[PDB]
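Peer 1: Just passing along the structure, written as structure tokens.
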Amino acid sequence: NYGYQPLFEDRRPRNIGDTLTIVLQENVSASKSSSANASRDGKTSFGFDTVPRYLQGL
Amino acid sequence: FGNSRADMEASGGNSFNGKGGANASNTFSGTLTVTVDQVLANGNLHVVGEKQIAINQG
Ligand SMILES: CCCCCCCCCCCCCCCC(=O)O[C@H](CCCCCCCCCCC)CC(=O)N[C@H]1[C@@H](OP(=O)(O)O)O[C@H](CO[C@@H]2O[C@H](CO)[C@@H](OP(=O)(O)O)[C@H](OC(=O)C[C@@H](CCCCCCCCCCC)OC(=O)CCCCCCCCCCCCC)[C@H]2NC(=O)C[C@@H](CCCCCCCCCCC)OC(=O)CCCCCCCCCCC)[C@@H](O)[C@@H]1OC(=O)C[C@H](O)CCCCCCCCCCC
Ligand SMILES: O=C(O)[C@H]1C[C@@H](O)[C@@H](O)[C@@H]([C@H](O)CO)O1
């Protein structure tokens with residue numbers, strides 16, 4: 059090979075045949091949450107158990 | 117008062133209790149980058165932005 063080569067550079071790959079080292083160190087994490095609620099409660103009462111003579115009509 | 121003509125006994129009660137309440141809370145703890153939509157006369161900026169995330173299954 060007659061190609062020029064720098065002395066002080068970091069010897070990065072530059073041509074087709076050059077080799078490079080890859081450190082994967084891949085780490086991905088995704089999360090998703092959702093919630094919903096709805097509560098309705100009702101309860102009504104009414105009773106005499108004793109009615110006046112004048113109110114017995116109703 | 118020879119008989120029970122004057123003998124008297126009576127009781128009466130009336131109790132009422134009413135209650136009411138209501139609550140409403142909301143929280144939001146995100147960060148979203150938006151884009152200006154238009155510049156108003158006073159210099160205020162109308163900003164609109166949207167972000168879509170597909171974690172998985174939705
Ligand atoms: C938002 C506000 C808007 C305004 C709303 C207006 C009022 C909106 C309307 C509210 C009133 C409900 C109407 C109920 C009757 C009715 O029409 O709808 C029925 C179906 C229900 C539909 C209702 C959906 C509304 C939908 C909701 C709408 C809400 C908006 C059909 C029906 O008719 N079913 C019917 C049938 O059943 P059956 O199907 O199986 O056959 O026959 C059987 C057997 O009949 C009985 O026989 C007895 C003997 O056996 C006999 O006694 P006897 O003496 O003879 O012995 C006895 O005679 C008697 O009472 C003898 C005598 C009693 C006097 C004692 C003193 C009481 C004073 C009491 C004083 C009341 C004080 C308010 O009378 C009366 O003078 C009644 C008083 C009149 C007051 C007038 C108000 C002046 C304003 C005074 C104002 C005061 C100012 C401070 C016979 N009674 C009857 O005939 C029935 C009827 C005869 C009518 C002739 C009298 C002149 C009416 C003249 C005009 C009336 C017009 C309305 O009386 C009533 O109650 C009428 C009540 C009217 C109150 C309106 C208030 C307006 C405020 C005005 C406000 C604007 C009944 O049991 C059955 O009726 C029953 O069960 C009813 C039960 O009892 C009573 C439960 C009440 C609980 C509250 C409701 C709770 C319901 C809640 C859930 C929905
Ligand atoms: O002096 C009267 O008027 C009384 C005395 C009581 O006995 C009273 O109860 C009544 C009675 O009903 C008569 O049968 O008579």
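Line by line, the protein sequences are chains A and B. Count along the first sequence starting at 1, add 58, and that's the number in UniProt numbering. Count along the second sequence starting at 1, add 116, and that's the number in UniProt numbering. For each residue, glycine too, the CB sits at the ideal point set by N, CA and C.
1. Can you name the residues that DSSP bridges to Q154 (chain B)?
2. Do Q168 (chain B) and ligand 1 come close, with the Cβ less than 8 Å from some heavy atom?
3. Could you name the residues of chain B that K90 (chain A) contacts, counting a contact when the two beta carbons are closer than 7 Å?
4. Hey, does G134 (chain B) have any beta-carbon neighbour from chain A nearer than 9 Å?
5. For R72 (chain A), which of A:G61, A:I80, A:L82, A:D99 has the nearest alpha-carbon?
Peer 2: Looking at the atomic coordinates:
1. Position 38 of the second sequence, counting from 1, holds the residue named residue 154 (chain B). B:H162, per the DSSP bridge assignment.
2. Numbered from 1 along the second sequence, position 52 holds the residue referred to as residue 168 (chain B). Taking non-hydrogen atoms of ligand 1 into account, the C-beta of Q168 (chain B) is found less than 8 Å away from none of them.
3. Residue mapping note: residue 90 (chain A) aligns to position 32 of the first sequence, counting from 1. Here the neighbours are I171.
4. Translated into the one-based positions of the second sequence, residue 134 (chain B) becomes position 18. By this cut-off, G134 (chain B) is not an interface position.
5. The residue you call residue 72 (chain A) lines up with position 14 of the first sequence. Nearest option by C-alpha distance: A:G61.
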